[PDB]
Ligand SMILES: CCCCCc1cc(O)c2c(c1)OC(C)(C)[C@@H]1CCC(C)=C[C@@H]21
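Here's a solo chain for you in structure tokens, the form solved without the named molecule.
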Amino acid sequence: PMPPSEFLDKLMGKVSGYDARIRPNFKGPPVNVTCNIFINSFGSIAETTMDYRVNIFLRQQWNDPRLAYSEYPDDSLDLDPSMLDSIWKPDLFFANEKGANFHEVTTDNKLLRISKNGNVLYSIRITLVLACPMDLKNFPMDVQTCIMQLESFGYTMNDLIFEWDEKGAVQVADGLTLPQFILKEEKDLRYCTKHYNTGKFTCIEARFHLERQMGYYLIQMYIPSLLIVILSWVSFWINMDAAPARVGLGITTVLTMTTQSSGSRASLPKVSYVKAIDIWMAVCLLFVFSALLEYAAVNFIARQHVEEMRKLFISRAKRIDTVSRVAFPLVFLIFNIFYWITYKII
């Protein structure tokens, strides 16, 4: 019962002629590689960049007859990771990496165990910054689907095939929550077989269904956008005398409404389509621009009105200042219903 590495000497070195430069079952059927990932860290979901950082354990399993062994008694030899640069390993890469890296802290974070019948279990900790093109049409109420797809790079489909094992292909750490999102529990697992001018390459991808939390965007942008609408209404309970007051009120509540429009996109890409948060800030910018025009009508109607005529327009001009107090606060409401219900069924 010699030590395992010396047993591994019989397994790896020039004895038996193991070559790590040639895939298993060479010249025969392709190599069936079953995969699955464990997720430690999920988050930093960027939107200026439209990517996100994950921290996974990538488990790979394939059979290699050359790694058979019956001398040793037990069923598994979880070796040292230094034995990992000498056996064959599939050239798995992430088709949307945007930068990734291993982890070498106190050891290469690597695992490797071999079953008697040649089954290999290979597992390494990885940090990825995967690209997912965000779809920001209905932005605060959107549901993103950021993917990650595992391709081969040098082996064609007839010489290396990936799969997902049918027992929980994607696990997640227990207490894993996101600050801005929630990660839905059903995770898709479909095929993405690529085709180039070089050949066809195996591919498999996992679809994570993110979904934004409404709390933050409800506190910083919607409510402050809404109070500024109400102050635009207090220009109606003021007489048609305070020219500086109402105009000063409206202008101050139309420029601050312009700042928050731009402020609602500081942390966003410069996309060219209008998004759900945009029509809110637009329509809220339309009401406030109306009250500054409503007083524009009053101050002009009253100034234009012999003595039986001037009061004749005071009633009309003052009729407006009472219609305004109900028109705006209710027209805004019915709009406020068609908006949220539009994004409660979309």
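Rigid core here is just the name for the largest C-alpha set that superposes within 1.5 Å across the two forms. Note that residue numbering follows the sequence shown and begins at 1.
The discussion below concerns the form solved in complex with the named molecule, not included here.
Interface stretch in the bound PDB entry with the named molecule - options 307-315, 286-294, 45-53, 66-74, non-hydrogen atom within 4.5 Å: The contacting stretch here is 286-294.
Contact at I320, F328 and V331 by the named molecule in the bound PDB entry, all three, heavy atom at most 4.5 Å: Yes, the whole trio is in contact, each within 4.5 Å by some heavy atom.
In the bound PDB entry, residues of 23-44 near the named molecule [heavy atom within 4.5 Å]: Contacting residues: none.
Only residue that shifts (Cα, 2 Å or more, rigid core superposed) between this form and the one not shown, among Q213, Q220, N239, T177: Everything else stays below 2 Å; the exception is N239.
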